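The next block holds one structure in the form of structure tokens; read it before the comments.
Letters A, B, C, D, E, F and G mark the chains in the order given here, with residues in each chain numbered from 1 onward.
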């Protein structure tokens, strides 16, 4: 993101300051208090002016925070773990 | 006793013999040994053919549906996140049955954190499969010791975009810049650079399958040579002392 | 490699059998295992066709036994692998990725004469996407 | 047949006039079909099932 | 719901019958040879 | 997704012809029909279904 | 004749020894693509080290790490045994040793005409050298297995085995003739 942020900052010609969210959360809606925390809450409450991070474009975040066009497309994938013995010619019959 | 063992060995190896039994009992022994040899050799050939055919028929899992049908290799998602929620809401026949497996599965294939899930994949020796996003999947694929591999296509479609508070002056200029970078190739080039430039990573029978028979053959040749020289030395030293 | 090593093992076995059969001056020849006859014996043993002669000494018989075991294993393996090849049909595409397309040059490939695809590849820094441009 | 993978990433969307009010419900309704799987089902019925 | 082309090394139970036949043939050959020797001796 | 895109069309106007189509196709064609009335067919000559 | 046979035996022994020594020392055994000075580039590999070809790092040879302890895996003891045999290259080296011994004994055959048993030792050494070369080829191919091509250096070792085995037949044929000469002279 920092090199991506540099290009965005260079294109718009503005100085940028890099910081880290204190709680280290991408942000989610809370039913009990209806208070947003983490990445999502930083932009809403004015603690941040722009977010450049792997933030998934979802309905909940879109309807409050303006989302630019997706710069990177992804999806759910699958992860799996990717020499015969010297006397392997005796395998067909038992010892 | 020496010639009998030679005849039995030649009969088992289904090779020619200079001699054959002529008595009734000798021929009975020869006949039963021949039947035993025929059955055993045919059994060896048939079982080897079955082994090789079954190995050739093994198709590695590539996409979701072929993996979904089989149950030998376990799989599961994170204990939380949108990955689980996507499976519940999905009504695709490939995906509706996808949720149905870990719901009734012991032990729980859910993982508390991504790092532990990746770590348990390495020790699983291919027994377990992990389902995460595509972008970071290639990164762990490019991480050491390079034992995991992403296979197949993306199950669903998502995206990452720049987040801007509503009604901000940075809304449209960033969106134009995001499109500009993608169409300029800088964004694409930067994507390719970090994943790969910073990365840290048949049908015929091979000689390894039959190396043992070669080793045994050469060991037998060496043993026969050693026996020949030993007997020659013994015979020479026997006659020299006599003379 | 298996065929090459089969030829080499055949030559070595023939030479070793000829040596252990006729080197001893105290065996005179009682046996008919010259170099030519040893080559014939080994060739017949490999093809499971037999021969008019057979080693009569302990060393020659050991050589014959190990060669017979080798021949049995190798012929059975050949038959089994041919059966596996005929039972299962495997087809692999010659090209599996765009990078492989760049590596090869036999199969031609191109894009629209005027479109987004053609205009995308000019400004591509990717080493794979720059070499084949 | 399709071989290899997508070297580039692109998107396909509904065009609406700049500032048009109807555009916002259209994009939201586009999302609704995405989460419910109506969009990919329409993708299959016009690519796979037909 | 919570719910072949396999291969494995051939075990002795698969070929035990041929071994039984072989040992029976050896016993029969021994008996016939002993009978012939006894007949010739008498 | 099969009979909509298939040449020739596998639709049959009447049940009797569909069975006759199966009886001619030497087993390369199949028919879908009610179970109870289908069971009546397989007990009739020549018992080829 | 005897003289032409002896000349042919000496020439064949020298040729086999030279070919096997060149094959052991040269690096053109296998053509394969590998990482240089540990990018993917076509290289050629021998028994001790591989030099990159037509690459940015062309011309420099890097010693092959026969023990891949990056993942700290041991598996079975047979794999360790095979890896140790391949790394030491014990069998091609002992093949050149046996070829040299046979050649030196053939040369020393002229010094001692009466002692006939030494030419038998030369034949035995040539046969053993051929067998050891075969074992080394098998071990090398098995280790490589656990697109590629074989260079002329590898085929030099293959040709050395055939030449050495042909000489071993000729050397033993002499020992047969020598004893026939001794018995024929004693008979008359």
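We take it that a contact is a pair of C-beta atoms (placed from the backbone, for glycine too) under 8 Å apart; a residue touches a chain by one contact, two chains touch by 3 or more.
Looking at C-D alongside A-G, one finds more C-beta pairs in contact between the chains of C-D. Rounded to whole angstrom, the centroid-to-centroid distance between subunit B and subunit C, based on C-alpha atoms, equals 22 Å. Remark: subunit C and subunit E have CA centroids separated by 38 Å (rounded to whole angstrom).
Averaged Cα coordinates give subunit C a centre that lies 53 Å from the centre of subunit F. The mean-CA centres of subunit F and subunit G are about 73 angstrom from one another, to the nearest whole unit. In subunit A, the positions touching at least two other chains are 69-70, 72-73, 83, 85-86, 89, 91-93. Of all residues in subunit G, those touching 2 or more other chains are 124, 127, 131, 134, 138, 141, 145-146, listed in ascending order.
Looking at which chains touch one another, you get A-B, A-D, A-E, A-G, B-C, B-D, B-E, B-G, C-D, C-G, D-F. The residues of subunit A lying in touch with subunit D in their complex are 59, 62-63, 69-70, 72-73. Taken in their complex, subunit B has these residues touching subunit E: 23-26, 28-29, 31-33, 35-36, 39-40, 43, 47, 50-51, 54, 57, 100, 104-105. The part of subunit G that touches subunit A in the complex is made up of residues 75-76, 78-79, 82, 145-146. Contact residues of subunit B toward subunit D in the complex are 89-92, 153, 156-157, 159, 182, 188. On subunit C, the positions that touch subunit B within their shared complex are 1-2, 5, 9, 12-13, 16, 19-20, 23-24, 26, 44-45, 48-51, 53-54, 56-74, 76-81, 83-85, 87-88, 90, 120, 123-126, 128-129.
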